[PDB]
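Engineer: Here you go, input00.txt (compact mmCIF, C-alpha atoms and all ligand atoms):
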# COMPACT_ATOMS: atom_id res chain seq x y z
CA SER A 131 0.00 0.00 0.00
CA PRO A 132 1.05 3.58 -0.76
CA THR A 133 2.31 6.19 1.64
CA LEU A 134 -0.34 8.82 2.41
CA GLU A 135 0.16 12.47 3.44
CA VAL A 136 -2.33 14.70 5.25
CA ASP A 137 -1.07 18.01 6.55
CA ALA A 138 2.33 17.20 8.08
CA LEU A 139 1.31 13.62 8.86
CA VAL A 140 2.91 10.82 6.82
CA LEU A 141 1.45 7.32 6.99
CA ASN A 142 3.78 4.61 5.70
CA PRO A 143 1.94 1.25 5.64
CA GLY A 144 5.08 -0.66 4.65
CA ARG A 145 6.34 0.01 8.18
CA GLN A 146 2.88 0.56 9.78
CA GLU A 147 4.36 3.95 10.94
CA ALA A 148 3.01 7.41 11.31
CA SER A 149 5.26 10.51 11.45
CA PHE A 150 4.37 14.21 11.98
CA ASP A 151 6.65 16.87 10.64
CA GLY A 152 9.39 14.28 10.38
CA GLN A 153 9.01 12.74 13.86
CA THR A 154 7.74 9.17 14.34
CA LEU A 155 4.64 8.91 16.44
CA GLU A 156 4.06 6.40 19.24
CA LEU A 157 0.97 4.71 17.85
CA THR A 158 -0.37 1.21 18.42
CA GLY A 159 -0.92 -0.97 15.37
CA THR A 160 -4.66 -0.59 15.88
CA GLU A 161 -4.30 3.23 15.88
CA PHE A 162 -2.26 3.14 12.69
CA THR A 163 -4.84 0.91 11.02
CA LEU A 164 -7.61 3.35 11.90
CA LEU A 165 -5.67 6.40 10.75
CA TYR A 166 -4.67 4.84 7.44
CA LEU A 167 -8.22 3.69 6.66
CA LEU A 168 -9.68 7.12 7.35
CA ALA A 169 -6.92 8.76 5.30
CA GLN A 170 -7.66 6.49 2.32
CA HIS A 171 -11.18 7.93 2.43
CA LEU A 172 -10.01 11.47 3.22
CA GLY A 173 -12.95 13.85 3.60
CA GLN A 174 -15.60 11.08 3.38
CA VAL A 175 -17.42 9.31 6.18
CA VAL A 176 -16.44 5.72 6.96
CA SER A 177 -19.07 3.64 8.74
CA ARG A 178 -18.80 2.49 12.33
CA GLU A 179 -19.44 -1.05 11.12
CA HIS A 180 -16.55 -0.91 8.60
CA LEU A 181 -14.19 0.61 11.17
CA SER A 182 -15.17 -2.02 13.76
CA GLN A 183 -14.47 -4.91 11.39
CA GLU A 184 -11.33 -3.53 9.77
CA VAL A 185 -9.70 -1.99 12.82
CA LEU A 186 -10.88 -4.36 15.58
CA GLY A 187 -11.91 -7.55 13.81
CA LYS A 188 -15.28 -7.53 15.42
CA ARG A 189 -18.88 -6.89 14.65
CA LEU A 190 -20.26 -3.58 15.95
CA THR A 191 -22.85 -3.60 18.74
CA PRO A 192 -24.76 -0.53 20.00
CA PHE A 193 -22.93 -0.66 23.27
CA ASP A 194 -19.38 -0.85 21.93
CA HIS A 195 -17.62 2.48 21.86
CA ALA A 196 -14.13 1.21 21.17
CA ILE A 197 -13.67 3.04 17.87
CA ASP A 198 -14.62 6.32 19.55
CA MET A 199 -12.10 5.57 22.30
CA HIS A 200 -9.45 5.10 19.61
CA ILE A 201 -10.38 8.47 18.19
CA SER A 202 -10.11 9.96 21.71
CA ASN A 203 -6.64 8.54 22.15
CA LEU A 204 -5.55 9.60 18.67
CA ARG A 205 -6.70 13.15 19.32
CA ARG A 206 -4.45 13.19 22.38
CA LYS A 207 -1.43 11.70 20.59
CA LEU A 208 -1.52 13.56 17.29
CA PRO A 209 0.08 16.99 17.11
CA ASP A 210 -2.04 19.88 15.97
CA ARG A 211 -2.35 20.24 12.21
CA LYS A 212 -0.27 22.96 10.62
CA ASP A 213 -3.29 23.90 8.49
CA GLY A 214 -5.49 24.52 11.53
CA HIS A 215 -8.14 21.92 10.78
CA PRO A 216 -9.28 19.16 13.06
CA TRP A 217 -7.98 15.68 12.30
CA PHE A 218 -11.40 14.05 12.53
CA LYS A 219 -15.10 14.76 12.42
CA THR A 220 -17.76 12.59 14.02
CA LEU A 221 -20.99 12.22 12.03
CA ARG A 222 -23.48 10.73 14.63
CA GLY A 223 -24.59 7.33 13.50
CA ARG A 224 -22.81 7.50 10.18
CA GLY A 225 -19.20 7.18 11.47
CA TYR A 226 -16.07 9.30 11.18
CA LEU A 227 -14.02 11.11 8.57
CA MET A 228 -10.53 12.50 8.42
CA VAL A 229 -10.83 16.16 7.55
CA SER A 230 -9.71 17.33 4.12
CA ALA A 231 -7.44 20.31 3.67
CA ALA A 232 -9.38 23.35 2.36
CL CL A 301 -9.54 16.40 15.79
Could you show the structure in this file as structure tokens?
Structural biologist:
Amino acid sequence: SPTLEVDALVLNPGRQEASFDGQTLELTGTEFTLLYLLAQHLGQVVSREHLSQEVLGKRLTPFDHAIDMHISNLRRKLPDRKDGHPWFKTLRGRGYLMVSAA
């Protein structure tokens, strides 16, 4: 899979490694998986069901908030974008997107 860039973030799937402005980030494999999947669909909503299966290998239930917890942890770990945008947007029910540059 190809290396993806968003803002100063670089996602290299060949190493399952994320870097920001040239510095490697301390991400779990699960975190990397989630980031890369959202970045492939940059600016478009990815379903909770798809994220649950692809990132966690499990079927979504209405009481499982693990993907949102991953987003919470990612928002703590990721430096602020140079471009000022959020990294993510939550679309209630529909899932999450990684925010496009404008
Ligand atoms: Cl964000």
Engineer: Output as JSON lines one row per residue of chain A within 9 Å of ligand CL 301 (chain A): the closest atom pair and its distance in Å to one decimal place, counting all atoms listed in the file, sorted by chain and residue number ascending.
Structural biologist:
{"residue": "A:201", "atom": "CA", "partner": "A:CL301", "partner_atom": "CL", "distance": 8.3}
{"residue": "A:202", "atom": "CA", "partner": "A:CL301", "partner_atom": "CL", "distance": 8.8}
{"residue": "A:204", "atom": "CA", "partner": "A:CL301", "partner_atom": "CL", "distance": 8.4}
{"residue": "A:205", "atom": "CA", "partner": "A:CL301", "partner_atom": "CL", "distance": 5.6}
{"residue": "A:206", "atom": "CA", "partner": "A:CL301", "partner_atom": "CL", "distance": 8.9}
{"residue": "A:208", "atom": "CA", "partner": "A:CL301", "partner_atom": "CL", "distance": 8.6}
{"residue": "A:210", "atom": "CA", "partner": "A:CL301", "partner_atom": "CL", "distance": 8.3}
{"residue": "A:211", "atom": "CA", "partner": "A:CL301", "partner_atom": "CL", "distance": 8.9}
{"residue": "A:215", "atom": "CA", "partner": "A:CL301", "partner_atom": "CL", "distance": 7.6}
{"residue": "A:216", "atom": "CA", "partner": "A:CL301", "partner_atom": "CL", "distance": 3.9}
{"residue": "A:217", "atom": "CA", "partner": "A:CL301", "partner_atom": "CL", "distance": 3.9}
{"residue": "A:218", "atom": "CA", "partner": "A:CL301", "partner_atom": "CL", "distance": 4.4}
{"residue": "A:219", "atom": "CA", "partner": "A:CL301", "partner_atom": "CL", "distance": 6.7}
{"residue": "A:228", "atom": "CA", "partner": "A:CL301", "partner_atom": "CL", "distance": 8.4}
{"residue": "A:229", "atom": "CA", "partner": "A:CL301", "partner_atom": "CL", "distance": 8.3}
Engineer: With distances taken over only C-alpha atoms, which residue among A:180, A:222, A:169, A:160 lies nearest residue 137 (chain A)?
Structural biologist: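 Result for the nearest residue to residue 137 (chain A): A:169.
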Engineer: So which one's closest to residue 182 (chain A), A:168, A:155, A:148, A:197? Using all atoms listed in the file, please.
Structural biologist: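 Closest to residue 182 (chain A), using all atoms listed in the file: A:197.
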Engineer: Write out as an mmCIF file with C-alpha atoms, in the coordinates of the input the residues lying within 10 Å of residue 152 (chain A), counting all atoms listed in the file and excluding same-chain residues fewer than 5 positions away.
Structural biologist:
data_model
loop_
_atom_site.group_PDB
_atom_site.id
_atom_site.type_symbol
_atom_site.label_atom_id
_atom_site.label_comp_id
_atom_site.auth_asym_id
_atom_site.auth_seq_id
_atom_site.Cartn_x
_atom_site.Cartn_y
_atom_site.Cartn_z
ATOM 1 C CA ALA A 138 2.330 17.200 8.080
ATOM 2 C CA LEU A 139 1.310 13.620 8.860
ATOM 3 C CA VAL A 140 2.910 10.820 6.820
#
Engineer: Choose the residue, out of A:172, A:157, A:164, A:134, that has the smallest atom-to-atom separation from residue 232 (chain A); count only C-alpha atoms.
Structural biologist: A:172
Engineer: What's the separation between CA of residue 195 (chain A) and CA of residue 174 (chain A), in Å to one decimal place?
Structural biologist: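 Pair CA of residue 195 (chain A) / CA of residue 174 (chain A) returns 20.5 Å.
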Engineer: Neighbouring residues of residue 178 (chain A) were defined as those with any atom within 10 Å, considering all atoms listed in the file; residues of the same chain fewer than 5 positions away were excluded. Please report them as a PyMOL selection string.
Structural biologist: chain A and resi 183-184+189-191+195+197-198+221-226
Engineer: Would you mind telling me which residue in A:135, A:179, A:213, A:147 lies nearest to residue 163 (chain A) when using only C-alpha atoms?
Structural biologist: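 The closest residue to residue 163 (chain A) is A:147.
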Engineer: What separation in Å, quoted to one decimal, exists between CA of residue 175 (chain A) and CA of residue 150 (chain A)?
Structural biologist: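 So the answer is 23.1 Å.
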Engineer: Any chance you could work out the axis-aligned box around region 186-202 of chain A, listed atoms only, 3 Å on each side, giving centre and edge lengths in Å to one decimal, as JSON?
Structural biologist:
{"center_x": -17.1, "center_y": 1.2, "center_z": 18.5, "size_x": 21.3, "size_y": 23.5, "size_z": 15.5}
Engineer: What lies within 8 Å of residue 143 (chain A) using only C-alpha atoms, ignoring chain neighbours under 6 positions off, as a list in words?
Structural biologist: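 Counting only the stated atoms, we get residues 131, 132, 133 and 166 of chain A.
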Engineer: I need the residue nearest residue 203 (chain A) from this list: A:185, A:156, A:170, A:136. Use only C-alpha atoms for the distance.
Structural biologist: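 The shortest atom-to-atom distance to residue 203 (chain A) comes from A:156.
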Engineer: Using Å and a single decimal, report how far CA of residue 145 (chain A) sits from CA of residue 171 (chain A).
Structural biologist: 20.1 Å
